[PDB]
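K.L.:
Provided herewith is a single structure, encoded as structure tokens, for subsequent inquiry.
Because the Cβ atoms are built from the backbone with ideal geometry, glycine has one as well, and the counts that use them run over all protein chains shown. Each answer follows from the model by the rule given with it, or from the source it names; these are not laboratory values.
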Amino acid sequence: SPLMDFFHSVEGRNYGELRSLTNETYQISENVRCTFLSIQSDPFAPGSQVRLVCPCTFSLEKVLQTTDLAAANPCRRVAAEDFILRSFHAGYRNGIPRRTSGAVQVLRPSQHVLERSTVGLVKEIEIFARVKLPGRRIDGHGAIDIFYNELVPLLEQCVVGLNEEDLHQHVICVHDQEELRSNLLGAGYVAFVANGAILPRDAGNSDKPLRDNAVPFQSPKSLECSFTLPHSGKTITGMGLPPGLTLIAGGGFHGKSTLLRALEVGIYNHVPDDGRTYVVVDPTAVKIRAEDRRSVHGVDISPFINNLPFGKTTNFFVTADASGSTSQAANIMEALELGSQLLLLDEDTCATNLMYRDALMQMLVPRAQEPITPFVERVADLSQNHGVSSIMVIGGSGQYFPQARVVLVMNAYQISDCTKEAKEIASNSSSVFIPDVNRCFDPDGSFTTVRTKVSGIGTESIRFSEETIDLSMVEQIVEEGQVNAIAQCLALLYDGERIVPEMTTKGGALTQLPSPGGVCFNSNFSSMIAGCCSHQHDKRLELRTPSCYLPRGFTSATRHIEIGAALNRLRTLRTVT
Amino acid sequence: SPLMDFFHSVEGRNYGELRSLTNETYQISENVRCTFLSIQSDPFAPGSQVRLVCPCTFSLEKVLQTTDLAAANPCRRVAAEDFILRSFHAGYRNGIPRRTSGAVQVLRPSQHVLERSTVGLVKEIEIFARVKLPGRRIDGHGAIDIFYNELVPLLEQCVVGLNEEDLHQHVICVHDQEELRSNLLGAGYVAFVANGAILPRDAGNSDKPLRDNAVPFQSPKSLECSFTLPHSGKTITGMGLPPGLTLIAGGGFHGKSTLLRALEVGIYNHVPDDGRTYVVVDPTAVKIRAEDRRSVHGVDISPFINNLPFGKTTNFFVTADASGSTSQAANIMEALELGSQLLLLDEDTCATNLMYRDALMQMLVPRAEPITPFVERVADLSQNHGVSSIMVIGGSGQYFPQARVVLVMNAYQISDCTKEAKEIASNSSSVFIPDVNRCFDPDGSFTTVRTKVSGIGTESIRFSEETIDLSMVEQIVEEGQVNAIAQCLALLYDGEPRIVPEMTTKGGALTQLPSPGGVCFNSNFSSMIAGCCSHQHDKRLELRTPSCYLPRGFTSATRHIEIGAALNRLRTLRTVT
Ligand SMILES: Nc1ncnc2c1ncn2[C@@H]1O[C@H](COP(=O)(O)OP(=O)(O)NP(=O)(O)O)[C@@H](O)[C@H]1O
Ligand SMILES: Nc1ncnc2c1ncn2[C@@H]1O[C@H](COP(=O)(O)OP(=O)(O)NP(=O)(O)O)[C@@H](O)[C@H]1O
Ligand SMILES: [Mg+2]
Ligand SMILES: [Mg+2]
Ligand SMILES: [Mg+2]
């Protein structure tokens, strides 16, 4: 009631008047309360941050399995908050807002279920928003619409008026997914692909499942295996993949890349639509690709590449313009340093030189003269002595056959288990890694340059003061709120110049890190980044550290490996050993 | 004079009266004049478009070799306007402006010399700009600063007060530079790389040459050749590449991607620093890569990929989400139909399946294997259609029997090893229709649109609600180029009915297209795109087709092939045969 009357009150009057609202809290409905987090300078300044608060109607016991909030499995708290976001957002598609100024920015959820700062379940329901409040004169009627006519009905009908059965099933599917990824290394696998999974996406620029003429994934028998889901009781069946080397071989339009992308997202749980639901991978899995002109600092790529020009150091690599082989190797070590157990390779984004060696090529120029020691030679070593496994798509090269654990053959989106035939083909055709990695972070040479503000640019980049970090090929980033999280971390690392050691220890301390779902090889770089991640988790995916330029509640969880990767490619980065 | 005397008058007054400034044209100095092409609505709005006019002081005789404007070689006209802007911009680093509002937006030219609408030479000098005229009570003093203090000294000192000896030398390098490529197909070559060239760049995110410890290009003797530049008299020497197949072989970190990138830009002339200056390629050459999830419509990918799943037609291919080989082959023909003469490949960003087939792969599963690799179509394409290929190969000597020359690179030093290489092979040892039927269908193509077309940086096109991915069309090298493409799309759309057949004709008529420097296999698609390019050229890089959201003078020339690639991968592209 009173907010409106207030606005009538200030309806004509000048814009400055608005700075009164901030902090000033009003109840706009019986079941809705509004709290003002900021009030911006003008209409065109991006949003005026507000906290929408409304009662939590559903039974915790039925959906969260406990009466007291604090006991609830965080996974289910996430799936809940995730769901509410989804429901509120769908409210626009169901013509619920009697009016749609469209000046209401609230973070849009991916197809993946991540903890987001956006909705918090507290004891109530906490939804953060950004609103473009309506000439120089104020125009209260605009706002008046915006709250009473657009937000209240959406809240009351899609948020307060939730559907419990839907909620409960959301949460059950999600949780069963987490648990099912928690069962992986135990059950004997590194990846599991559920039967009937609709892997292929809707469009090359789309993440939703394929509506038309999808072919449900079917595991070969020899690779078939089953599980029991705890919360649904549903028992499911599919393709299990042992530790070691999984080869995905077929030449054509067959589905190879499509399966693999499923596996990269395999570290996520997605809304029951997604159709990749219950395709799961080790939660530390990393899409490994050549990436070029990326900068490297302090990575020891010496396992793969041996003989740089001009006696330049393999063992502590450093460039601001990297090669396809060198940076791919850079990414493999970058990864191991952050502790990945399952590398994911799509050969078409991989640096052929790294991958294998041609006879003609070696005889043309002697391999003594060639630096590179290809991946095939390091792979058996990595699985046997390190428990690091690889799944990779190979297009037309059987060189990997003596090393291959399984050889898959994809044809028109159908798989066959051809591991026997292939190693038979191989047949008739016939460690090196330091886990304790000496890499500390140097905030001095790293941050000397800058002049600030830190902010996430879409899904692609980080505005880091005058600097700009390119994540366009950190392919497992799948939300804007993720890169935003990363921005929070960077602005933190920057702001407190006690923290590197402090976070390094904060990290060495931990036994398990948070998955982006909420559920819980070393070095000081690694461990530090773990410290940052962990601290961020602590403060509810919202560090506020001063140099950060971010709205309240547009942040999504992300693995520590991603914060790793983002710093890892700061091109002002400096690092010591 | 009069402008400021106006402004203070206004300075209390409301922003609106700035709508008086429209059209009204003022002289803020002897050698300066400004014309207001627009006025922003708001202080925020991206700026207010103005024409900056100043006298042409230099002797046209020495620089353009004619007293009369209209005779001037457009190559030297471009190099002129290029140089003018460049100095103007340099005016900021030389402490020239008295004040620095930074409300002045004027296109930043790249290292490339391109025709740009920004500076025009007419009879004088024409520079287009965008200004943010500053509380929302007018900031008359602020504006006064922008013009009396910032723009004028820049103009008078760096533009009116230009340096003719440099400008002359600019133009000589540029012109001599264009001529050197015109000489290429004649002199018997497809690529020429000048000795002493500095190929590599300062940083993975930078286009400027490698300042520190660059190693100068040197041609192997066997491939060495020389030319004579008409305008400088200078005689230059380097690496000549014949028609046919050139293989770039090597190990790692030796500079192949460096050389190749130089060759991709080889369709451009660079400001005399750039250091790739006098590296030239066929001005039609295209960087061919696997581009995944790109949409295809109407491409006959048949020569490489003869089979698909489900009787899907290779001969008229269509996907909204695409494969590495499938996309790459689309690219090869997309480019062929637009008339490429040299295909440029980095075996790394190429889809390997398209490139060779392993013995082991072929046996494990027989080829009766959609794909027919490039190695087989290469001789054919060369011999029968005069389309050549230079490609970086990482470790596969399979191409050796097909190889014209085999280049071996080692620590930034090339060697001719084609003898030894083909021996290696010896020791271990048409299809394409030029007449491709592809008409453009504006009906199905433009149905879903409500508009506005605007280029997003260098990377994408906001085509109404649609978005086009130019992120892997690697030879786009300016924002003004993407803006150009946006102009053309806005044209095909707004002038929809008669513009397709008309441009098709307007393009069949043409025996030469305009190179981006200004100097001057068929299908209706192609001929149409050529029509668009040529009409754009005619119209001075300013087609204000009505649905174009663009400031005046933020446009740069492109090849026709580029406009081809953008339309080509529109996700609502419908095309008929
Ligand atoms: N199981 C499926 N059902 C329906 N469509 C599919 C399926 N799998 C893949 N697709 C579509 O097939 C197209 C090509 O599949 P893709 O995943 O690229 O095969 P691929 O092996 O990567 N070929 P390549 O990378 O060229 O060697 C993509 O558009 C997919 O969306
Ligand atoms: N003339 C030069 N002077 C100095 N540095 C150079 C020169 N040419 C190349 N480089 C460096 O080498 C890198 C490019 O070479 P690169 O692409 O690694 O060769 P490559 O071995 O063919 N690639 P790959 O085989 O895929 O690893 C750049 O990052 C440059 O820094
Ligand atoms: Mg390279
Ligand atoms: Mg390379
Ligand atoms: Mg693919």
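K.L.:
Just a yes or no: is a residue in segment B:325-338 more than 16 Å from ligand 1 (Cβ to nearest atom), over 24 Å from residue B:437 (Cα atoms), within 26 Å of the chain's Cα centre (by Cα) and surrounded by 23 or more Cβ atoms within 10 Å (Cβ to Cβ)?
P.N.:
Among the residues of segment B:325-338, not one is more than 16 Å from ligand 1 (Cβ to nearest atom), over 24 Å from residue B:437 (Cα atoms), within 26 Å of the chain's Cα centre (by Cα) and surrounded by 23 or more Cβ atoms within 10 Å (Cβ to Cβ), which makes the answer no.
K.L.:
Continuing with the same structure: For segment A:346-380, which positions are in contact with a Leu (Cβ under 7 Å, 6 or more places away or on another chain) and either away from chain B (no Cβ under 14 Å) or not in a helix (DSSP H, G or I) (or both)?
P.N.:
Within segment A:346-380, A:346, A:371, A:372, A:374, A:379 qualify.
K.L.:
What pairs come out if I take residues in segment A:316-328 that are outside the structural domain of residue A:473 (by TED's automatic domain parsing) and pair them with residues that are near ligand 2 (Cβ under 6 Å from one of its atoms) whose C-beta lies under 6 Å away, six or more apart or interchain?
P.N.:
Every condition considered, the pairs that remain are A:323/B:253; A:324/A:351; A:324/B:348; A:325/A:351; A:325/A:353; A:325/B:252; A:326/B:253; A:328/A:351.
K.L.:
If we keep just the residues of segment B:381-407 that are within 11 Å of chain A (Cβ to nearest Cβ) and within 11 Å of ligand 2 (Cβ to nearest atom), which is farthest from residue B:285 (Cα to Cα)?
P.N.:
Here the answer is B:395.
K.L.:
Still on this model: Being more than 15 Å from ligand 4 (Cβ to nearest atom), over 17 Å from the mean Cα position of the chain (by Cα) and not acidic (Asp, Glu) is the requirement here; does residue A:287 meet it?
P.N.:
Details: more than 15 Å from ligand 4 (Cβ to nearest atom): yes; over 17 Å from the mean Cα position of the chain (by Cα): no; not acidic (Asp, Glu): yes.
It is false that residue A:287 is more than 15 Å from ligand 4 (Cβ to nearest atom), over 17 Å from the mean Cα position of the chain (by Cα) and not acidic (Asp, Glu).
K.L.:
Which numbered condition in (1) within 16 Å of ligand 4 (Cβ to nearest atom); (2) within 22 Å of the chain's Cα centre (by Cα); (3) among the aromatic types (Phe, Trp, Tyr) is the only one that residue B:268 fails?
P.N.:
Exception for residue B:268: condition (1).
K.L.:
Of B:468, B:461, which residue is within 11 Å of chain A (Cβ to nearest Cβ) and not acidic (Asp, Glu)?
P.N.:
Step by step, each of B:468, B:461 is checked, and only B:468 is within 11 Å of chain A (Cβ to nearest Cβ) and not acidic (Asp, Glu).
K.L.:
Would you point out which residue out of B:108, B:130, B:99, B:136 is closer than 26 Å to residue B:44 by Cα, touching a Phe, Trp or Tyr at 6+ places or on another chain (Cβ under 7 Å) and outside the structural domain of residue B:271 (by TED's automatic domain parsing)?
P.N.:
Numbers: B:108 fails: touching a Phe, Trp or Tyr at 6+ places or on another chain (Cβ under 7 Å); B:130 fails: touching a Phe, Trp or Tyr at 6+ places or on another chain (Cβ under 7 Å); B:99 fails: touching a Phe, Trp or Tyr at 6+ places or on another chain (Cβ under 7 Å).
Only one candidate passes the filter, namely B:136.
K.L.:
Does residue B:383 satisfy the criteria of being within 26 Å of residue B:185 (Cβ to Cβ), out of contact with any helix residue (DSSP H, G or I) (no Cβ under 6 Å at 6 or more places or on another chain) and away from ligand 1 (no atom under 16 Å from the Cβ)?
P.N.:
Answer is yes for this residue.
K.L.:
Which of the residues that make up segment B:109-127 are of a type outside the set (A, V, I, L, M), under 25 Å from residue B:273 (Cβ atoms) and part of a strand (DSSP E or B)?
P.N.:
Residues satisfying the conditions are B:112, B:116, B:120.
K.L.:
Is at least one residue of segment B:228-239 within 16 Å of ligand 2 (Cβ to nearest atom), in a loop (DSSP other than H, G, I, E, B), more than 24 Å from the chain's Cα centre (by Cα) and surrounded by fewer than 21 Cβ atoms within 10 Å (Cβ to Cβ)?
P.N.:
Checked against the condition, which is being within 16 Å of ligand 2 (Cβ to nearest atom), in a loop (DSSP other than H, G, I, E, B), more than 24 Å from the chain's Cα centre (by Cα) and surrounded by fewer than 21 Cβ atoms within 10 Å (Cβ to Cβ), segment B:228-239 yields no hits at all.
K.L.:
Continuing with the same structure: For segment B:151-198, enumerate the residues that are of a type in the set (A, V, I, L, M, F, W, C) and assigned to a loop (DSSP other than H, G, I, E, B).
P.N.:
B:162, B:184, B:185, B:187, B:190, B:197, B:198
K.L.:
Within segment B:250-294, take every residue that is farther than 30 Å from residue A:313 by Cα and of a type in the set (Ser, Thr, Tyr) and give me the one that is nearest to ligand 3 (Cβ to nearest atom).
P.N.:
The residue in question is B:268.
The rows are residues; the columns are (1) farther than 26 Å from residue B:432 by Cα; (2) within 22 Å of the chain's Cα centre (by Cα); (3) of a type outside the set (D, E, K, R).
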{"residue": "B:502", "(1), (2), (3)": "yes, no, no"}
{"residue": "B:505", "(1), (2), (3)": "no, no, yes"}
{"residue": "B:508", "(1), (2), (3)": "no, no, yes"}
{"residue": "B:518", "(1), (2), (3)": "yes, yes, yes"}
{"residue": "B:522", "(1), (2), (3)": "no, yes, yes"}
{"residue": "B:527", "(1), (2), (3)": "no, yes, yes"}
{"residue": "B:535", "(1), (2), (3)": "yes, yes, yes"}
{"residue": "B:539", "(1), (2), (3)": "yes, yes, no"}
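K.L.:
For residues in segment A:417-427 being facing another protein chain (nearest Cβ under 9 Å) and surrounded by fewer than 20 Cβ atoms within 10 Å (Cβ to Cβ), which is nearest to ligand 3 (Cβ to nearest atom)? Please lay out each step first, then the result.
P.N.:
Filtering segment A:417-427 down to residues facing another protein chain (nearest Cβ under 9 Å) leaves A:418, A:421-422, A:424-426.
Those left that are additionally surrounded by fewer than 20 Cβ atoms within 10 Å (Cβ to Cβ): A:421, A:424, A:426.
Details: A:421: 35, A:424: 36, A:426: 30 Å.
Among those that are facing another protein chain (nearest Cβ under 9 Å) and surrounded by fewer than 20 Cβ atoms within 10 Å (Cβ to Cβ), it is A:426.
K.L.:
Continuing with this model, one more query. Filter segment A:188-219 down to residues that are of a type in the set (S, T, N, Q) and farther than 18 Å from residue A:478 by Cβ and give me whichever is surrounded by the most Cβ atoms within 10 Å (Cβ to Cβ). I'd like the intermediate steps shown before the answer.
P.N.:
Step one: filter segment A:188-219 for residues of a type in the set (S, T, N, Q), giving A:195, A:205-206, A:213, A:218-219.
Subset that is farther than 18 Å from residue A:478 by Cβ: A:195, A:213, A:218-219.
Working: A:195: 15, A:213: 7, A:218: 17, A:219: 20.
Only one residue fits best here, namely A:219.
K.L.:
Suppose we filter A:149, A:195, A:213, A:205 for residues that are assigned by TED's automatic domain parsing to the domain that holds residue A:410, of a type outside the set (A, V, I, L, M, F, W, C) and over 30 Å from residue B:470 (Cβ atoms); which single one remains? Step through it out loud before you land on a result.
P.N.:
Working: A:149 fails: assigned by TED's automatic domain parsing to the domain that holds residue A:410; A:213 fails: over 30 Å from residue B:470 (Cβ atoms); A:205 fails: over 30 Å from residue B:470 (Cβ atoms).
Within the list A:149, A:195, A:213, A:205, the selection yields A:195.
K.L.:
Enumerate the strands (runs of 3 or more DSSP E) found wholly within segment A:407-507, keeping only those where 2 or more residues are of a type in the set (A, V, I, L, M, F, W, C).
P.N.:
It comes to A:454-457, A:461-464.
K.L.:
Also: Which of the residues belonging to segment A:284-322 are touching a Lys or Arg at 6+ places or on another chain (Cβ under 7 Å) and either of a type in the set (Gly, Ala, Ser) or at the interface with chain B (Cβ under 7 Å from one of its Cβ atoms) (or both)?
P.N.:
Across segment A:284-322, the qualifying residues are A:294, A:295, A:298, A:320, A:321, A:322.
K.L.:
Also, quick follow-up: Restricting attention to segment B:60-98, report how many residues are among the aliphatic types (A, V, I, L, M) and within 19 Å of residue B:272 (Cα to Cα).
P.N.:
Adding up the residues that qualify gives 8.
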